[PDB]
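Protein chains in written order, with the deposited numbering: chain LO, 2 to 223, 245 to 856; chain NA, 446 to 539; chain LT, 19 to 673, 702 to 766, 810 to 939; chain LW, 248 to 308. Virtual Cβ for every residue (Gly too), placed ideally from N, Cα, C.
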Amino acid sequence: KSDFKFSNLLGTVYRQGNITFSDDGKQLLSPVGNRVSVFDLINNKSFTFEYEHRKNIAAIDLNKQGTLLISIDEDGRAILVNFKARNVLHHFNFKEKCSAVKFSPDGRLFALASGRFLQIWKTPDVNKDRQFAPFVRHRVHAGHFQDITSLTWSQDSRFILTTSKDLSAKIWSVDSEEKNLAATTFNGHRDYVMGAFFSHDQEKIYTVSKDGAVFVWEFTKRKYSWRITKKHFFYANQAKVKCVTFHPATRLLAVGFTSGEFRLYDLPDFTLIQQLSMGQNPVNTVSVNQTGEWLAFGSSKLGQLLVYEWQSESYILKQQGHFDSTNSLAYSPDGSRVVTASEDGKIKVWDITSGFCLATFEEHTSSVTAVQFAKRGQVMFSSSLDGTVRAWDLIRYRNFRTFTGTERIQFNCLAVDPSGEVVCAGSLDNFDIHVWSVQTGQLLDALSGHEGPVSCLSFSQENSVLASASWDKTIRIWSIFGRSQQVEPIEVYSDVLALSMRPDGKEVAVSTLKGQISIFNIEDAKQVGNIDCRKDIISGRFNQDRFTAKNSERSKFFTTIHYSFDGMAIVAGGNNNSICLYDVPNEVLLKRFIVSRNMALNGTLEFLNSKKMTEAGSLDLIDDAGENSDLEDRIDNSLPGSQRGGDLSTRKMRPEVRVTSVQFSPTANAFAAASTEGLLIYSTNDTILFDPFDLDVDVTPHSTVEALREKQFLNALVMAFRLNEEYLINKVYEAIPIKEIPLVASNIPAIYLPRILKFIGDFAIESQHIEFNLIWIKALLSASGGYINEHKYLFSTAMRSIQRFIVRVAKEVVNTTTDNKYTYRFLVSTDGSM
Amino acid sequence: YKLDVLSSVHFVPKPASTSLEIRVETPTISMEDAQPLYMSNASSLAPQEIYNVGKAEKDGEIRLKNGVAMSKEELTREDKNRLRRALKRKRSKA
Amino acid sequence: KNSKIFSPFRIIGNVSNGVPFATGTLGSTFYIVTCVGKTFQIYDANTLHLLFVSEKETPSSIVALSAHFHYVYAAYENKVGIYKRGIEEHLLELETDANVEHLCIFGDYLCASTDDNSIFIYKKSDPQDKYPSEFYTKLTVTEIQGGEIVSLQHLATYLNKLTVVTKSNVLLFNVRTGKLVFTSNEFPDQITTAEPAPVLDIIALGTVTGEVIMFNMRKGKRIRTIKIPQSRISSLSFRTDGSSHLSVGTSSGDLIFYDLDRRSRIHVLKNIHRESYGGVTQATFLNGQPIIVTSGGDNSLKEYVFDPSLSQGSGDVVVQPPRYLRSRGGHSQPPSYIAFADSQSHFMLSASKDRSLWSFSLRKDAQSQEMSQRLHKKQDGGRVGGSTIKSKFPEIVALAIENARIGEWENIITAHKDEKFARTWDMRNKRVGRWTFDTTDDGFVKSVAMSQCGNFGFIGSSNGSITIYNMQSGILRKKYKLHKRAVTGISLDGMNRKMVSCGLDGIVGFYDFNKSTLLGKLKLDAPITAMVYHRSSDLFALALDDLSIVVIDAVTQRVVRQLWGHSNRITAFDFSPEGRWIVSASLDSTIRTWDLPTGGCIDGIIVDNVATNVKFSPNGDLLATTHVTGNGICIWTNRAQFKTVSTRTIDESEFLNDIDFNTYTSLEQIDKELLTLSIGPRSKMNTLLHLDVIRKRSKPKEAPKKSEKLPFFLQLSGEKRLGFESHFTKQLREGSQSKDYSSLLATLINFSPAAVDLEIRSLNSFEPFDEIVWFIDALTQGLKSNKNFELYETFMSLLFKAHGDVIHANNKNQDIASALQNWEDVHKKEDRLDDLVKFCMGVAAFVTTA
Amino acid sequence: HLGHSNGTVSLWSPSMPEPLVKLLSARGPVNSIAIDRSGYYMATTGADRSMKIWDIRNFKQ
RNA sequence: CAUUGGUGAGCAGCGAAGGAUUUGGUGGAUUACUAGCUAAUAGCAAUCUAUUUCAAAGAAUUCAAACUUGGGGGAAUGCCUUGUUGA
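Here it is in structure tokens:
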């Protein structure tokens, strides 16, 4: 209940740097800002490592034995990761800027193109334990004149050649004795050589340069060595080559351009297989399978990922996650989907398990600031700054009606009647709560009475009173249904923002500007208590700041709050660096989560370094933009005081750290906080934790199993619930037979009914037993359903996990059987032909 | 785009907007992004929107809005009266 | 004594021990090697970072060190390591049983000198070779020739001559021949330390009486002599800047500087290293630079510099006295009580018998600082009572730290040895806090704790009283009185609701803290030395005097686990980060690893030096132990984070694999009745049902541009009747013979969804209808097994899209309908989930809504 | 004298809009140039690990 | 009578061979530690020169190139672009 971990980051499928597949076709590794997130294209699951990387990743390599992972900053830090242990092995520092990391094809020893040096290192053994200094450097080769920009290996382990910003391209052999075999330097291009490669026979070397030229080097005559046999030209007009890979067993230069294009070739022939438009923004990285038939592209401007199959001319994914620009959230009534707003306007529908967006919604013109669901997940509402709140369908993907005001007002926030009749929205311009009906797109009423704007709006799910949240320091609770039209204001101390209501329908949790979170009653105007949040908020000092991080008033409040569905915990998050988990009765926070550790983002550090401060100004505020080689980087088009604006170029600041909107999951103790880096997901699906309940000395895991040999089936379930460990429970849940399921399921005590319902809800989704799991849910609902009705709120996370299992996977098996059952009846009974 | 970026997006909306759009019936896995799953299986056009009941082309029949078709020859004169009286008040409402 | 869980990472917090450090020169920069016991270190000299530590521990202590440019020559007991980057690249073994005292390098030769007055010569096997490897010869010195060997020096410009200095006199050996080319005269004093000079032909000498003797070798005479009162000279060095300067390092902690031109001392340094631990063991002017590097035996290493002279015209007479520059610090004494500071395992507090607390860094080893002891001037205005000759705080026996409100007030409470109060410390400012906490009943503080909110500070007196001081103001709030003997551990739960305490009278009292009521009171048998609470799960463990760990649930108020197996007093222990382990260290010189579910030890580590404290990280990665001898902190890497750990009670041997590796794979199927799914992803039904719609949306909008010259057989070109039939139809056909399909359907699981549409559309049936009727009889034989109920019905439905035109027109054939009745006789049984889901739906909709 | 990525050191003058005379100094680009104070002599340094010594009076290296 | 105002005389109290305020300079941190240099599979580090050269490889838009301009109006002379006269 208390220990959460960073389980998943969602959205921003690619940010910067190298994108590599697994040894197989299966696991796709793409960088996010900090973390090497792991996608599984076949066995549809997603996964993101818990380790922070201190700046943005520049490069990634995967061990061909599927075991070691290296991710390296812009500056040159380095981290080893075990895959199958999901954990950090060693933190290494390279003292210069790195450009490409690739292992051997053998897997023994990895190379690093850092600065103008080629560094060749022995990888540490995996099964050997962690030491102080696990890396052993083989050699450092130094023959280059400017920075080395790429790297490749041979197909044997024994040859490595690099490409530089120097025009050269030099072959290095690994062992010193094979130096005499190959030491020559390839040159002759006109601009930056960005790739050089081997064919499947190592006789021929191709080179690829920024200007658009391909050479074919070959050990040929005029005792004779390495002429250019034939030149090939892309003829890119104002496009330039940006990243190129080459699958040598299938002869494919997958080539990306600065004009968003992409070409394919077959290299002794140079026949253009196919040319695509991948976007308006430049292709920043490519890589291939080992088998050569998934490609993987990412433009880093919008931050989109494109996995392309080339033989059948079809995508696997063209996904786009967006950065610094997700305003609000909503979990579905099912646990399985999270809908994020944007600042573009696009409303995406993200999946938790396989972390890609299902659909977009591209009807709004400007940013979207609130999203909520209603009506058991068919509809989804969204208030924009376009001047409208639009309804949506999820069965058909369409607007119902676009609700608008009278005099065209902005809409911040939104509240939907649980019985989906009424949609309420609130502004900054008007401070009048507009109220639309769902059927008739007219506004029913303009509920007014606030000084200052409405921050948030939300409905009871119990009796459907709504409660507004002004900036005249007053909650005002409305009652809008049925001949009453009566109003009750509750004054608070400072400007409130981001209300939320308990699923009881009897309490309202507020987040004022003094930091403090107060909890009011509704049927009375008085408050239960308040919990103090000004101290346990971590605040960043920005780079351009002039005050200490201790006494700035930027971030010490909370711009969101959401009660858990138990009604016992609040998760709060604001423009600060931190997320909180307050307990509601005991009034004490449980654990504080730092959202990100990036120097790249602004609001991270409590204390900046002192060596950055030169007598005139910080050494981060200096424009490095004019130093850059390309034109497109140097053009500063940032508008003067644009904050949280349209594009990320128009800041002329680093992006701020802010957690915009936070919600709990319905099912499984998860909560998602929508960050700058992208939508975070915290969870407890590990359960590597010993949280026992009512242990005697007699209860051991040796004792529960011996109750199963003794056929003592109700005891061995209760003896396994006392440990609250999942592998003892799966030992006894899968053991006991059908004939004593309803005898056991009734005799379960009333204490463990949340545990077994949180178990079967979480276990049956990814487990093969449909028929065995449903006999449990038949037995538990029938034998002890009346206890479930009394404590509805202690089970609403457990039951929702069950009736997601029934809708998502159980009904679709039924409907396919039903489709099988009726198609049989039509064909075998009706008449033939001719 | 430039002026709203200066103004720190807070955008005063356009006053009026009237537009027609044309939707094409597709099985609505084909309206979502490239990803190997889906949430919606049916067609994008609603079943009401691909068949409204309509007045029959023959003069000898009258079809109502619910699907209760009536010929002109199986009516009684008192049922002829009410239907002309019913189509009186709906036509006069416009 | 090999453990299965832990493995040592390195020892944190040691700099030197007394063995003379030796400097090496790279280009224009300087590196200092030191040693720590059996594992030497390397420091840069430009900023004193840690650059290299050795890869393995040596089998004994390193006795002497020297370093020529890249290669560090380390000399433990019988052998000499020739190390590069801390890696042992060549081990050189000396053929005696004597232990090597001193070592020297010049030219092609290595010169190692054992303790029994014998000198070994090792030659470079080739002038290309970098480390000398071949045994050249054995030089001996009989006691009629000279005394015991003080040192080995090689002076400048002597072809293979080796200046062997002894306690009596000075020798010279031509190591090519092996002959004594010159012997000096006998000295009236016992020589202690020799060092060469930047002038020609002169070695400097140091006696046990305070006399430095310059000694020429070409004249064989004493050129200059310098008398020192009452000092045992331990180190000598010459400044090579161009100004003549001698640095004499005593063994009474003094460093003394001379000016040989002016024949005067310049400035004498007092107590730069401790007299008791050895004084200045080695001091060295770096070459051509005004930097002397002093490293005593008291686990420090300091650099001192000479500022330029203030006089314009005079210069060499008015000399600035030396100046403190950077240094590194460790504990001189072994650490008494440590703790971890934060969650990311980034600082460790360590308080030792040196009386000085240190915030060591696991992360970067130049980040470690002594927490200051400089009392805040009082709010009240009256002056602070203390001795004016400032002495350090008495040594620290109990520490508590909660990190929740750091940087705003104090968050570290320490209890000093034999003081009726117990001070506080700020973590961020690295300083003693402004508040001191008294016990108000004149008892000694034996145990402290803090609230998780960081507002309350618990103090457990040795007379029962538990005073709870607040942490803003240091004000008194509540005083609890349950115990009568010494309280030896307090804690507060995670919720700030319930509070425990443990006494030496055996009472384990359970308090409420919101209300001030005593919830309950539990009495065990033995007196109770210490308590470690675990706030995540409300389990806490006690250490008794009947040598057993008792673990007590904090909610249900009863002993849950009791752990037997120790045989002497349990020093300290800690829970795992997840409550799954307890690691306890005791005076039986063991470190065990208890396992709370199964109630037994799973790993027993016999360490020869007894471990005083064991502390896990809050993260699940590091384990830190502090021993009785030695100064630093041994850090253990956790294999459990990278490997599953068996849970067997193996300890009794030295001194259900479901359960042993604590993981459980599911059944494939419980019983033959139960329907199942396919193992793996749940999208395999959906992609098989919707493969045509997915591919119609996956494609690009427009056609990609092709060239006209394309290889027609491009897919086949990838550079590296019944026999012509595919493997599926052939395995169907052989399956059609034996009327069985169990090996067939194992293939249909392992096809790709891309393959299955290409496969079932290829069933070759127009007139005879063999292959359809064989394929239906595969699916009916599938559902009789009840495995993979999802997929086989989708293989059924995929027929009716591909061949539903065909089997409809050839309905009422007796061969097809024989299969289809055999389908429907099988397919009727699996309505029993459709009658099961609707009950599972309609109840759960009725229960949660209504 | 400008220097380009061609390697063509180009003499210029504010009256004529064409270069006065082009000079293929080195292969690749031109890292720097310098001209003797007398005006006779030029020295170019291309990025092809090369270096030329030109005579600007007669345009012969 | 009240000071939540300024100055300045005293006392209780706190009080180990002194106390308080203010400030110059240097060092160690302020992200996670695999050494310096060069012509770099090696050499130096007292230095690369009386081996530092030859050989090899190396020349696309047959001469693409302001994605970069505050807004109106003009541009004689320039320049650009096209057309043309003449050799």
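Expected contact under 8 Å - CB spacing of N649(LT) and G31(LT) to nearest Å: Stepping through the third sequence from its first residue, residue 649(LT) is reached at position 631. Stepping through the third sequence from its first residue, residue 31(LT) is reached at position 13. That belief holds up - the Cβ atoms of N649(LT) and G31(LT) are roughly 7 Å apart, short of 8 Å.
For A571(LO), which three-state DSSP category applies? Against the first sequence, residue 571(LO) aligns to sequence position 549. Reduced to three states, the DSSP call for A571(LO) is coil.
Going by DSSP, what residue range makes up the alpha helix (DSSP H) through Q825(LO)? The count along the first sequence starts at 1 and reaches residue 825(LO) at position 803. 818-827 is the span of the alpha helix (DSSP H), which, as asked, contains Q825(LO).
Are the stretch 571-589 of chain LO and the stretch 500-507 of chain LO in contact at 8 Å, needing three or more beta carbon pairs? no
Can you pull the chain LO residues whose beta carbon is under 7 Å from the beta carbon of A539(NA), in chain order? Taking the second sequence and counting its residues from 1, one reaches residue 539(NA) at position 94. Going along chain LO, no residue has its Cβ under 7 Å from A539(NA), so there is no contact; the nearest lies around 19 Å.
So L223(LT) packs on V217(LT), CB below 8 Å; how close in whole Å? Sequence index remark: in the third sequence, residue 223(LT) carries index 205 (1-based). Sequence index remark: in the third sequence, residue 217(LT) carries index 199 (1-based). The Cβ separation is near 14 Å, so there is no contact.
Close-in-space but distant-in-sequence residues of the same chain around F781(LO) (CB under 7 Å, 5 per side omitted): On the first sequence, residue 781(LO) is found 759 positions in, with the first residue counted as 1. The residues are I751.
Buried or exposed, going by whether 16 or more other CB atoms sit within 10 Å of the CB of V568(LT)? By 1-based counting over the third sequence, the position of residue 568(LT) is 550. So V568(LT) counts as buried.
Whose Cβ in chain NA lies nearer than 8 Å to the Cβ of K742(LT)? Here residue 742(LT) refers to the residue found at position 696 when the third sequence is read from its first residue. Ordered by position in chain NA, the residues that pass the 8 Å Cβ test against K742(LT) are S475.
heavy atom of the ligand ATP below 7 Å from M300(LO) C-beta: As presented, the structure is devoid of all ligands, the ligand ATP included, so that no description of it is given.
Residue range of the unbroken alpha helix (DSSP H) whose run includes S322(LO): Reading the first sequence from its first residue, position 300 is the one you call residue 322(LO). Run containing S322(LO): none; DSSP gives neither H nor E here.
For a contact defined as C-beta to C-beta under 8 Å, what are the partners of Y446(NA) on chain LO? Your numbering for residue 446(NA) matches position 1 in the second sequence. Near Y446(NA) (Cβ distances below 8 Å), the residues of chain LO are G668.
So which residues of chain NA does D558(LO) contact, with C-beta pairs closer than 9 Å? Along the first sequence, read from residue 1 onward, the residue named residue 558(LO) stands at position 536. Within chain NA, no residue comes near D558(LO); the closest Cβ sits about 30 Å away, beyond 9 Å.
Could you check whether the Cβ of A487(NA) sits closer than 8 Å to any Cβ belonging to chain LO? As a working mapping, residue 487(NA) is identified with position 42 in the second sequence. Yes, because at least one Cβ of chain LO sits closer than 8 Å to the Cβ of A487(NA).
What residue from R576(LO), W500(LO), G562(LO) has the CA that sits closest to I544(LO)'s CA? As a working note, residue 544(LO) is residue 522 in the first sequence. If we check each option's Cα against that of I544(LO), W500(LO) comes out closest.
Where do the N-terminal and C-terminal ends of the alpha helix (DSSP H) with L532(NA) fall, by residue? Counting from one through the second sequence, the residue named residue 532(NA) turns up at place 87. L532(NA) -> alpha helix (DSSP H) spans 522-538.
For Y295(LT), the three-state DSSP class (helix, strand or coil): In the third sequence, residue 295(LT) corresponds to position 277, counting from 1. The answer is coil: DSSP assigns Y295(LT) none of H, G, I, E or B.
Are the C-beta atoms of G254(LW) and some chain LO residue less than 8 Å apart? Stepping through the fourth sequence from its first residue, residue 254(LW) is reached at position 7. Not an interface residue.
Is there a Cβ of chain LO sitting closer than 8 Å to that of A294(LW), yes or no? Stepping through the fourth sequence from its first residue, residue 294(LW) is reached at position 47. Chain LO, which has a Cβ nearer than 8 Å to the Cβ of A294(LW), makes this yes.
Min CB distance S841(LT) to chain NA below 8 Å: Stepping through the third sequence from its first residue, residue 841(LT) is reached at position 752. Output row for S841(LT): interface = no.
What did DSSP end up calling residue 227(LO) once you bin it into helix, strand or coil? Residue numbering in chain LO breaks between 223 and 245, and residue 227(LO) falls inside that break, so it has no position here.
Within-8 Å CB hit, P492(NA) to chain LO: Reading the second sequence from its first residue, position 47 is the one you call residue 492(NA). Chain LO, which has no Cβ nearer than 8 Å to the Cβ of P492(NA), makes this no.
Checking the sheet assignment: what are the DSSP bridge partners for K269(LW)? Along the fourth sequence, read from residue 1 onward, the residue named residue 269(LW) stands at position 22. In DSSP, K269(LW) forms a bridge with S257(LW).
Would you identify the three-state DSSP class for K180(LO), choosing helix, strand or coil? By one-based count along the first sequence, residue 180(LO) stands at place 179. In this structure, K180(LO) counts as helix in the three-state DSSP scheme.
Any beta carbon from chain LT within less than 8 Å of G854(LO)'s own beta carbon? Position 832 of the first sequence, counted from the first residue, corresponds to residue 854(LO). Interface residue, yes.
Chain-ordered neighbours of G275(LW) on chain LO, where CB pairs are closer than 7 Å: Residue numbering aside, residue 275(LW) sits at position 28 when the fourth sequence is read from its first letter. Near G275(LW) (Cβ distances below 7 Å), the residues of chain LO are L168.
Could you tell me the boundaries of the alpha helix (DSSP H) in which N543(LO) lies? As a working note, residue 543(LO) is residue 521 in the first sequence. Per DSSP, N543(LO) belongs to no alpha helix (DSSP H); it is in the beta strand (DSSP E), 539-543.
My guess is that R498(LO) and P511(LO) are in contact by the Cβ rule of under 8 Å, so how many angstroms apart are they, rounded? Within the first sequence, numbered from 1, the residue matching residue 498(LO) stands at position 476. Within the first sequence, numbered from 1, the residue matching residue 511(LO) stands at position 489. Between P511(LO) and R498(LO) the Cβ distance is about 5 Å, and since that is below 8 Å, they are a contact.
Simplified DSSP state of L557(LT), which is helix, strand or coil: Counting from one through the third sequence, the residue named residue 557(LT) turns up at place 539. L557(LT) falls in the strand class under three-state DSSP.
Please report the straight-line C-alpha distance between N19(LO) and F268(LO), rounded to a whole angstrom. For this step, residue 19(LO) is matched to residue 18 along the first sequence. For this step, residue 268(LO) is matched to residue 246 along the first sequence. Approximately 14 Å, taken between the alpha carbons.
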